[PDB]
Structure formats: structure tokens, C-alpha cells
């Protein structure tokens, strides 16, 4: 299938730090687990990351709904790429949000 990357953020902590990233996520962005694990996914954003689309993620997280956005992310080396971002809330049986999963597709074409 199409190439994609996959990360998991812990929603129990207030700022959703990532706790697991697929091997491709490190290889696509250029960051390593020592620079990724325990940080919010915001370190990928830069000068051209549309602030309106970022708000959609922030809001859908606070409300606990899924959302899908198109952001401008930046590799470790500074070069940019276009990130199709889909976030999904994983709930416990008591309706509470426990984890947030992300699927990032480099859609620079």
C-alpha cells in the first residue's frame, strides 16, 4: 500500500507526549527516539505551518474527536515536507480518552 508513518501519543498526560513511533516516522522526519519520545508532536512545525490548521488539531484533541489536516512539517535538517495528518481518539470503555494515534503521509508528491 501507500507509504505512511504511525505514532501514538499518551492522552492521560496533559500535553499528549508521543510514546511510540513507527520506524518510518523516524526515517521520514530525520529524528531519533531519544529526540522524539516524551515530546508533543509540535516539534515538527515551522515558519510555514498554517496556524489555522494547527488549531483544528488542538480543538479536536481537546474535544476528543478525530481530525484530518494538511500541515507543513520540517525535517531535522530543516528541509520541509507536506504532511497529511489523521488523528484518532482511543477511548476506554468509560468514554474517557486514553491514547491518540497519528498516521502521517508525506504527500509532497
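Residue numbers count along the first chain shown, from 1.
Stretches 62-70 and 77-85 differ in mean C-alpha B factor, with the higher average recorded for 62-70. With 25-33 and 53-61 compared on mean CA B-factor from the PDB entry, the stretch scoring higher is 53-61. The entry lists a Cα temperature factor for residue 95 that places it in the highest third of the chain's modelled residues. Residue-level temperature factors show residue 16 in the lowest third of its chain, judged at the C-alpha atom.
Among the modelled residues of its chain, residue 105 has a C-alpha B-factor that falls in the lowest third, as given in the PDB entry. Remark: residue 2 belongs to the highest third of its chain, ranked by C-alpha B-factor as recorded.
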